[PDB]
Structure formats: structure tokens, C-alpha cells
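Notes to accompany the following structure.
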Amino acid sequence: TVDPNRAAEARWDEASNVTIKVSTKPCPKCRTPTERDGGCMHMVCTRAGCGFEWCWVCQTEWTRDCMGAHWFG
Amino acid sequence: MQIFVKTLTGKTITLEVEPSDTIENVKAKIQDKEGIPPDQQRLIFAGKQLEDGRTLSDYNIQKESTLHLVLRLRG
Ligand SMILES: [Zn+2]
Ligand SMILES: [Zn+2]
Numbered sequence: 057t058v059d060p061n062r063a064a065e066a067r068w069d070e071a072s073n074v075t076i077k078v079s080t081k082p083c084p085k086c087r088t089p090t091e092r093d094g095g096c097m098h099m100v101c102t103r104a105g106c107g108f109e110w111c112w113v114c115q116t117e118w119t120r121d122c123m124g125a126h127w128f129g
Numbered sequence: 021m022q023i024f025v026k027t028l029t030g031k032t033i034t035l036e037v038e039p040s041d042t043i044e045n046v047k048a049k050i051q052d053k054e055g056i057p058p059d060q061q062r063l064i065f066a067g068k069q070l071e072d073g074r075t076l077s078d079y080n081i082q083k084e085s086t087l088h089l090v091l092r093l094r095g
């Protein structure tokens with residue numbers, strides 16, 4: 057008894073959002089996946105509304121304890 | 021054609037490109053206006069990655085298509 061809304065601007069963004077959430081760790085402060093190259097544990101959150109630096113292993117902020125104990129893997 | 025490049029920030033950008041544009045030229049056109057280095061651009065199109073040596077036609081990318089821009093870190 058009601059006409060449903062129609063759109064096509066879906067599935068491509070969804071499948072990209074799913075693939076990124078499984079291939080990259082979510083930033084602790086903004087739940088946004090952040091890319092990691094090489095083997096340094098020094099992660100810088102790629103979201104402008106964040107800037108948060110974090111240890112890829114520890115899920116907490118970047119600190120001297122993380123620089124001595126595992127700067128890289 | 022206009023495409024949309026959706027960053028991991030939430031800033032989505034407009035970009036004018038041809039079906040014949042190489043993925044390298046798409047990244048250079050992102051660097052021009054956004055300042056973002058091409059070697060730090062991981063383009064994703066529906067799970068698939070865009071290789072720099074391919075074109076927009078090689079991925080069947082049409083007008084109004086929305087690409088994911090993942091920003092690669094150096095650590
Ligand atoms: Zn963040
Ligand atoms: Zn640590």
C-alpha cells in the first residue's frame with residue numbers, strides 16, 4: 057500500500073567498509089581503521105578528527121615504553 | 021566524468037577523470053588538490069585494490085562511482 061524508495065549508490069561502499077575493517081586495525085579513539093606499512097608499531101590516526109598516535113600492538117598511545125619494548129616487529 | 025574519492029576522514033572529494041585515466045594519473049590528480057602523496061594512496065574499489073599500472077576502464081569504473089582512499093603510513 058506504499059511505494060518503497062529505490063537507490064543504486066550502495067554495496068560498493070559497504071563491501072569497501074567491510075574489507076577495510078578486517079584488513080586494518082580500528083583506531084582506539086575513533087573506531088576508524090588505520091593503515092600499517094613495514095613493521096614500526098608507531099601508528100598515526102589518518103582521521104583529521106583524531107590525530108591520535110598509538111602503539112599497533114598495545115592499542116594505547118605512543119610512549120617511550122613502546123619505543124624500547126617494541127618500536128618495530 | 022566526475023568520480024567521488026571517499027577518504028577514511030569523511031571528507032569526500034570530487035574529481036574529474038576520463039574512462040582512459042591510469043590509476044597513477046588519478047593519484048597525481050588527488051595529490052594536486054589534496055597534497056596527499058601517491059605512494060601513500062591505497063585506492064580500494066569494492067574490496068579490490070587499484071594498481072597504478074591499470075586504468076579506470078580496467079576496473080569498470082564509471083561516472084558517479086565512489087572510490088575508497090586509504091592513507092598509508094610510514095610507521
Ligand atoms: Zn583516530
Ligand atoms: Zn607498546
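Sequence lines, in order, name chains X and C.
Counting from 1, position 7 in the first sequence corresponds to residue 63 in my numbering; the numbering is continuous, with no gaps.
Counting from 1, position 42 in the second sequence corresponds to residue 62 in my numbering; the numbering is continuous, with no gaps.
Virtual Cβ for every residue (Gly too), placed ideally from N, Cα, C.
Counterpart residues of residue i in DSSP-defined beta bridges
{"i": "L87 (chain C)", "result": "C:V25"}
{"i": "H126 (chain X)", "result": "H126 (chain X) pairs with nothing; no bridge assigned."}
{"i": "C96 (chain X)", "result": "X:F128"}
Cβ-heavy atom distance, residue i to ligand 1, below 8 Å
{"i": "residue 131 (chain X)", "result": "Nothing in the structure corresponds to residue 131 (chain X), since chain X is present only between 57 and 129."}
{"i": "residue 16 (chain X)", "result": "Because residue 16 (chain X) is not part of the residues shown, which for chain X are 57 to 129, the question remains open."}
Residues near residue i by beta carbon distance below 7 Å, same chain, minus five either side
{"i": "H126 (chain X)", "result": "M97 and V113"}
Own chain partners of residue i with C-beta closer than 6 Å, once the 5 adjacent residues on each side are dropped
{"i": "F128 (chain X)", "result": "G95 and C96"}
Proximity test, residue i beta-carbon vs ligand 2 heavy atom, cut-off 8 Å
{"i": "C83 (chain X)", "result": "no"}
Nonlocal neighbours in the same chain, by C-beta distance under 8 Å from residue i, ignoring five residues either side
{"i": "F65 (chain C)", "result": "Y79, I81, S85, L87 and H88"}
Checklist entry - At a Cβ cut of 8 Å, what residues of the region 99-126 of chain X count as close to chain C, listed as they run along the chain? => result The region 99-126 of chain X vs chain C, Cβ under 8 Å: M99, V100, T102, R103, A104 and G105.
Checklist entry - Taking a cut of 9 Å between CB atoms, which residues from the region 86-99 of chain X lie near chain C? => result Against chain C - using a Cβ distance shorter than 9 Å - the residues of the region 86-99 of chain X are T88, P89, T90, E91, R92, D93, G94, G95, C96, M97, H98 and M99.
Checklist entry - Going along the chain, which residues of the region 70-87 of chain X sit with their C-beta nearer than 7 Å to a C-beta in chain C? => result Across the region 70-87 of chain X, CB contacts with chain C closer than 7 Å involve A71, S72, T75 and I76, in sequence order along the chain.
Checklist entry - Which residues, in chain order, does the region 59-93 of chain C contribute to contact with chain X at a C-beta distance below 8 Å? => result Interface annotation for the region 59-93 of chain C against chain X: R62, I64, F65, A66, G67, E84, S85, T86, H88, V90, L91, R92 and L93, criterion Cβ-Cβ distance under 8 Å.
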